[PDB]
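Protein chains in written order, with the entry's author numbering: chain 1E, 2 to 149; chain 1D, 2 to 149; chain 1C, 51 to 100; chain 2D, 237 to 350; chain 2E, 2 to 350; chain 3C, 3 to 42, 45 to 70, 114 to 463; chain 5E, 5 to 152. Even for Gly, the Cβ is constructed at its ideal location relative to N, Cα and C. Single-structure report; data block below.
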Amino acid sequence: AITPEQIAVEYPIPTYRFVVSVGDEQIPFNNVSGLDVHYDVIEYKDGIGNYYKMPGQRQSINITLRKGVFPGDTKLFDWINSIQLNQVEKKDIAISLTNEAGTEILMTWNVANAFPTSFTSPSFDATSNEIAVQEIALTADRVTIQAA
Amino acid sequence: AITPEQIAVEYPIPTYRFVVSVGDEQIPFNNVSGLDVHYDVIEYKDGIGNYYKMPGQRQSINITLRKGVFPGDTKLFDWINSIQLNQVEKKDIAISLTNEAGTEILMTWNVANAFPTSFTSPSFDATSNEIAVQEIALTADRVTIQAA
Amino acid sequence: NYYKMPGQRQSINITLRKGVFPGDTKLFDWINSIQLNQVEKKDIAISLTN
Amino acid sequence: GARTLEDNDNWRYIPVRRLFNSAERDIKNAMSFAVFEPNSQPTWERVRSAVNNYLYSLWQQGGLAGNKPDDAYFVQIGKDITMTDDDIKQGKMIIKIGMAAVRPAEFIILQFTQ
Amino acid sequence: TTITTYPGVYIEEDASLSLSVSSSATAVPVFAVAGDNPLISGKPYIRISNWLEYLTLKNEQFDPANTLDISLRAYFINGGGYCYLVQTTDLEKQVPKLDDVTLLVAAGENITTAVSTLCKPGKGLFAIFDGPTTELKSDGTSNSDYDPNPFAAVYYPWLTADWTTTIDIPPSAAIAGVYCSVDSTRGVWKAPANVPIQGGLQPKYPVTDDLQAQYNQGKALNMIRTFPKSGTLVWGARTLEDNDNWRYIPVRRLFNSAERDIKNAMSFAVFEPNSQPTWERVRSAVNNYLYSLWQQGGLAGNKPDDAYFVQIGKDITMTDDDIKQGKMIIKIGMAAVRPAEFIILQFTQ
Amino acid sequence: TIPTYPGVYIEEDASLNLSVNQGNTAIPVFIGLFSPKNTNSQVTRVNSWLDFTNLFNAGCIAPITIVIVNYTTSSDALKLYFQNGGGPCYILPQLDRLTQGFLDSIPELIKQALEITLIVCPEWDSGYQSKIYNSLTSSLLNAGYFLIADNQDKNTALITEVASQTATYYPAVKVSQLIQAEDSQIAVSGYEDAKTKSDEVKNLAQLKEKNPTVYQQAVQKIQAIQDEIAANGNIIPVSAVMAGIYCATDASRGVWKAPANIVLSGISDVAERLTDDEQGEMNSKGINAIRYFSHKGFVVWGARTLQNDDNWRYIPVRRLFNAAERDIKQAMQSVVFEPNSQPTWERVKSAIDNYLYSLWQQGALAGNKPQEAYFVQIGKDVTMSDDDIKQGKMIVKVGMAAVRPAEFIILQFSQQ
Amino acid sequence: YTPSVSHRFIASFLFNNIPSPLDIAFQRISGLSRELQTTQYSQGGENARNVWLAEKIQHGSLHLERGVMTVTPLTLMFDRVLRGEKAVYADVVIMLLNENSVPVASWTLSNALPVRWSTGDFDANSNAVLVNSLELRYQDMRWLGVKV
C-alpha cells in the first residue's frame, strides 16, 4: 500500500507537465530542450610525470522552444524581428515541472538574459496530417535549478 | 460542446491547406519549406570576467518549392533559364494558410526579392509508381509574417 | 546595403542505368574510346512518352 | 528655395508634395493587377502584400522618416476596418496608407561669443 | 535670428551659457524653492531637464544674485541630471505625488519638518542638508539642531566661485551633483566622497583634521576640504545616525536603490492569484536581480550564497491568515560592503 | 467618392479607423447624448469605429434644438473605448430633454437587446450621470448586468441599487484633442419661419444659408463651449476606457483575472495625481484608482466592488459568477418545456457538470480536483419536493470556488 | 561598457567644403592609427633601466574598398590627380553609427591626398564583384564623439 503523499515525496517526476514563463508573460509550449551546462578542461604536464586537470571557462547556453501556430498569434516572430543592429530586448525564462492540475510547482529551471538567434517556420506539406509548428532558438548566460 | 467558430479562434492550424503566390500570379504547389531566419552572435570577454553577447548580422533566406510536372507547363524552368550574366527578374512570394474552401486567409508569410539558384528535374525510374516532381530553389532578402 | 546576384552556371552530371544484355557492349565502347583528351560528344534527349 | 504656393504644415515643401505624388503613382502601378479580380479577402491580402513590399523598399532607400518601418508607414485593409457591406456590393475596395515624410533643415543659425 | 524668414544663414552674437547633462536614475533630486520666486509661483512643481531648458523657461540672463540660479548652475556643472523644483511649504504634499524622486535637497531652505515626515523607512528617500553658515564651534555642539535621522546627511561649509557675490552657494546643490556623477560612473554602492568638486567652487572656511575630529561621530558633519595637490574634495560619507547599520551613506543609499529596483521588478505580481505558482515567479524575479547586482560588485561575498538570500513560501514567511487577507510576504537579506576610512602609516628605521 | 471608370482612385484625407476586436463575455451599452444619422429611442448595435461613424455623427457638440447647445464627450469616450481593445457594443442615444419616461424605459430597452453585459454612461456632467445610474433598477442589475461608474469625488463612494454589481473608478483622464465635426455633421432641428416648415433645416450648414442671424447665435454658444473646454482641459470620463480594458482582459487572460495592472493607451494625463495614502482611503471605501507610475505609465490600480464582504469584494469573483450563471442559463434553455421527470433531470445534471468541468480545466476555479471546485445537486428529495414538481418547477443547486487576487506584497529586508 | 560592432559605418568626403552625397558607401575602411616615434637612450652607469625619448608623431594611411559603380565626384578627383594634374586636398569624416544612425565615434582627417587607385583581377573562373582599392595620405587626424 502506497499513499499518494508518498508518491509526491519519493517518486521521480515525469516530463510531460510543465509551464514556461517568458519574461513576465506565460506562454504554452510543446517542447523545450537544450538546458545544458558545459565547461572546458585545462591540463598541464611536466617532466617528472605530474598531470593536473582543472575546470576551464563555462560555455554559452543554447535553448530551443517549440510551439504550435495559432490564429492571430505572432509573438515569437515579433520578438526576433525587433533586432535593429545589435540591440534586442533580453528576457528571463523559467521552466517549471508542475502539479498535474497546475496549482503547484515541483522544480524550476531559471534562464537569465536570453535573446533569439534563429526562428524556424512550419514546412508546408500538402500530404501531411500534422499541426504547423514554429521553433525559436535562444542564447543566454546562466542556468540555475531551484527545488520547490 | 465546442462550436465551429470556437475552433477557428482557439485551435491550432494544420499545414496541408495553403496557397502560394509567385509574383503577381498564383501557382499550385505540393511542398514549400525553408522559411527560416538566422542571426550570428557577437561575443566579448574581458579580464575581470565580463561576458557580453549581442545579435549579429542576419543571414540570407533560402526557399525550396516542390511541384508536379504537368503537360505544357515549363514556367519554373523558364524563370531560371532567363538568367543572362547576373540579371534576373526578382519576384515577391507569399504563402498563406487558407480556409478549407480557399475563401479566407488565416496567416501569410511574405518573402521579398527572390530569384532562382537551382532547379531539379524529376528522376526517370522505370520501376516507380510516382508522379514527376520538379523542385526550384530560391534566394531571398527578407521574411515577414502577417496575421489575418 | 546587401546585394545578391546569380553567378556562374555549374556543369551538368548525368547517370544512366541499364541491364546487361548478351552481345551488347555499346556503352563500354563509348568510354573506352577516349585517347588522351579526345572523345566523341553526343547529344542526349529524354522524353516522357504516351 | 523649395516651397510650394501653399503655406501649410502639409505641402509646404516641394519634396513632401512630390514624394507623395511619386508614391501614389508607384503604388497605383503596384496593385493595378487587382482590378477585375474577385472582391474577396484573398484578393485583399494579395494587395496588402504588394503595398507593404513597396513601402518597405521606399523606407530602405531613405525616402521615409523613422528608425523602424512601424514608425514610417502603416497599411490597413479589411472588412469593418476600411470598407462596409455597401462598398463591397458596389465593387469598391478601399485601402488606407499613412506614411511620414522627412522635412529638410531650412534655417541655419550661428551663435558667436568670446 | 529668432525670426526666420529667408533660407540661409543667420548670425547673432549672444552670451548665453551652455553646459552638459548626465543621466542617473538613482539620483533624481527635488530642490526646495522659496515661494517668492516668480517662476515657481502658481504651479505644483516644475521639471528642469538641463541648463538650456531652465534658461529658456526663465527668459532672463543668468543672475548670480539669485540663490536658485547659482544652485542650479552648481548642480548642473557638477554632472546632475533632470530635477524637480518644489516650494518649501508644499514639500509634504507634492513629493509623494512624484514617484521617481530619490533625493530631497535643501537648496538653502529649511526643510527640517519635511525631512522628519517624508524620510522614513520604506519611503525610499534620502535628504541632503546644509551645514552652519558660521564658523564651527570647537565644543562640538554645532550639530545640535539636526535630528538623528539615518536618511539624511549634512555638508559643510558653503561654497564660492568666480561668479559669486554677497550670497554663497549652498553646499547641498553641489553635493547633489556629485551624487549623480558617482552613481553613473562607479555605482550607488561607492562612497560619494574623495571626489573633486567641478567648477571653480571653493570652501568658504578652512577645516583641519582637529576640527573634523569632533564632527565625525554621532550626528556627523561631512566636510568639503582642500588638499595641497588634489584640489577640493568631499571628505566624509556618514549619515546622521551612528550605528553599525546605516553609519555610512553608501550602505543606506544602496538599500534604498535595491528596494526601489526590486519593487519595480516584481510589480507584475499585484492583482495576481495568491498561490504558489505566483510565488515562484516572484522568487525568480528577485533572485535574478540580486545575482545581477552581485555581479556588478554591489554586494559583498565571494559567491552569491554569501551575498544574498531570498525566502518565500507557506509556513516560511506567511501563515493562513496572511494568505486569506491577500498578503504576500518575502524575506530578502543582502550584505553590503563597507569602505576603508582610516589609513595608518607606521614608520620605523 | 463616386466611381465612374474602372481602375484606381486616389484620395487625401485624415479619417482614422482602429482595429476591430471580438468577444462574448463583455459587451457594453453606452447611454449618452449621441447624434444618430437616422431619425429613428432604440438600441443600435455597432461593430467597430468605422461602423459607428457610418451610423452616427462624431463630434463634441450635441444636436441643437431650436436656441440651446450642449457639450458631449460621448464620441471621444467611444474612441478611447475602441483604442483600449473594445469590441462590438450597443449605443442607446438619449435625445431632447431628459424625461422620466425615458428613465423608466431604460431597464426594459437594455433587456430587449439580449447580448448586453456592461452598462456605461460616458458623460462628463455629474448630474446627468447620477440620474442615469439611479434609473438602473435592482432587478436589472441582479439579472446579470454589471455597471461601470465614474466617481465624482475622492472621499465618498457612489450609491447604487446593487452594491455587488457596481465598480467605480477615479479620476477622469485627459486627451490631447477632441473630435471636431463640420457644420453639415451637427444636427439642427426646431427651426421654423413663415416660408419654411420645421423639417426643412437639418444641420448647421443648412441653417447658415437660411438665417445667418440665428446661425451667429449658435456659433457664439459653440465658441463659448470650445473656450471653456480648452481652459479646463479635454477631460473624458474613465468608464469608457475601463470598458475596453474589460474586453481586452477577458479575451487574453479570462474573466477570472482581475481587470487591474493594465496600462492605459490613447490618453495624455489624469485629472488628478494621487498618493499612496489617498489611494489607501479610497481602496477601503471601494473606489478603484487610476495611478501614474514612472516605470509603467497610467495603470488601473484597483479591482474592488462597492460591496465589502468576503463574498463579492473583488471584481473578478463577481464577474466570474455572472459569466457562469449566464452560460448555464443558456444551456438550460433547451430543457424548458421538456417533461418534468427523472430522465430530464439527469440530462440537466450532465449539461451543468460538463460546463463546470471545462471551466475548471482553464483555471477559473480553485482546487486540485473537480470535487474541490464545484458541485451539482438535483433530485426528487434533495432539491425539490412533490409540490414543486406538480407545479412545473425544476430546482438545481450549483456551487463554485474562486481564486482571490493578491493585493498587498510585503518586502522584509535584513542587513545580514 | 557595452562595446560597438564594426560593420555599420559611414564616410563623407568634402571637396571645397561641399560634402559628396554619393560617396558614403564602402565595403571596407582600414583602421586609423597614430604612433609616437621614440629613440631608446642608454646612460653610462645605468645598466638596469631604459629611457625613451619622444619625437614626432606618425600618422597612418586611409584605405578604402568599393565596388565598381557609376562615376562620382570622388572618382573624378582621384582620376585627375593620377592623370598628372595639380594635386588637390580633401577632408574626410569617418563615423561609427549605432542602431539609430547616430555617430557614437567619429574621426576627421585633414588634407587627404589621393595617392593610389587599384582594381581587382579579371578572372574568368571567379564568382566575385570587381572591387576598387583606394589609398589616401592625410596631414592630421582628430576624433570627436562620446566613444573611442
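Residue i at chain 2D interface by Cβ criterion, 8 Å
i, result
"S22 (chain 1D)", "yes"
"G148 (chain 3C)", "no"
"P390 (chain 3C)", "no"
CB contact below 8 Å: residue i versus chain 2E
i, result
"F460 (chain 3C)", "yes"
"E105 (chain 1E)", "yes"
"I250 (chain 2D)", "no"
CB contact flag (residue i, residue j, <8 Å)
i, j, result
"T318 (chain 2E)", "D184 (chain 2E)", "no"
"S276 (chain 2D)", "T109 (chain 1D)", "no"
"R373 (chain 3C)", "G191 (chain 3C)", "yes"
"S285 (chain 2D)", "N111 (chain 1D)", "yes"
"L187 (chain 3C)", "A196 (chain 3C)", "no"
"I313 (chain 2E)", "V283 (chain 2E)", "yes"
"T215 (chain 3C)", "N198 (chain 3C)", "yes"
"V29 (chain 2E)", "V87 (chain 2E)", "no"
Contact with chain 5E by residue i, beta-carbon distance below 8 Å
i, result
"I146 (chain 1D)", "no"
"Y45 (chain 1D)", "yes"
N-terminal and C-terminal residue of the beta strand (DSSP E) that residue i is part of
i, result
"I337 (chain 3C)", "334-340"
"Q147 (chain 1E)", "143-148"
Test: residue i CB closer than 8 Å to a CB of chain 3C
i, result
"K328 (chain 2D)", "yes"
"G334 (chain 2E)", "yes"
"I317 (chain 2D)", "yes"
"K98 (chain 2E)", "yes"
"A9 (chain 1E)", "no"
"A102 (chain 1E)", "yes"
Minimum Cβ-Cβ distance from residue i to chain 1E less than 8 Å
i, result
"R146 (chain 5E)", "no"
"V108 (chain 5E)", "no"
Chain 1D within 8 Å of residue i, Cβ atoms only
i, result
"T6 (chain 5E)", "yes"
Extent of the continuous alpha helix (DSSP H) run through residue i
i, result
"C294 (chain 3C)", "286-299"
"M108 (chain 1E)", "No alpha helix (DSSP H) holds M108 (chain 1E); the beta strand (DSSP E) holding it covers 106-121."
"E93 (chain 2E)", "92-95"
"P5 (chain 1D)", "5-11"
"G334 (chain 2D)", "Per DSSP, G334 (chain 2D) belongs to no alpha helix (DSSP H); it is in the beta strand (DSSP E), 332-335."
Per DSSP, the bridge partner or partners of residue i
i, result
"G149 (chain 5E)", "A109 (chain 5E)"
"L40 (chain 5E)", "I61 (chain 5E)"
"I115 (chain 3C)", "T69 (chain 3C)"
"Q135 (chain 1E)", "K68 (chain 1E)"
"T320 (chain 2D)", "Partner(s): none; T320 (chain 2D) has no beta bridge."
"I41 (chain 2E)", "None, per the DSSP bridge assignment."
"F343 (chain 2D)", "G9 (chain 2E)"
Give me the subset of the stretch 259-291 of chain 2D whose CB atoms are less than 8 Å from a CB atom of chain 3C, sorted by chain position. Cβ contacts with chain 3C come from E260, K264, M267, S268, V271, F272.
Could you name the residues of the stretch 219-244 of chain 2E whose beta carbon sits closer than 8 Å to any beta carbon of chain 3C, in the order they occur along the chain? none
Against chain 1D, which members of the stretch 117-143 of chain 1E pass a CB distance test of less than 8 Å? Hits within the stretch, in order: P117, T118, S119, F120, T121, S122, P123, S124, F125, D126, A127, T128, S129, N130, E131, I132, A133, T140, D142.
Can you list, in chain order, the residues of the stretch 77-98 of chain 1D whose Cβ is nearer than 7 Å to any Cβ on chain 1C? Those would be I84, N87, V89, in chain order.
Against chain 1C, which members of the stretch 50-64 of chain 1D pass a CB distance test of less than 8 Å? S61
Taking a Cβ distance cut-off of 7 Å, strictly less, list which residues of the stretch 298-315 of chain 3C are near chain 2E, in chain order. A305, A307, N308
For the stretch 8-38 of chain 2E, enumerate the residues whose C-beta is nearer than 7 Å to any C-beta of chain 3C, in chain order. none
Proximal residues, the stretch 28-44 of chain 5E versus chain 1C, C-beta separation under 9 Å: The residues in question are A29.
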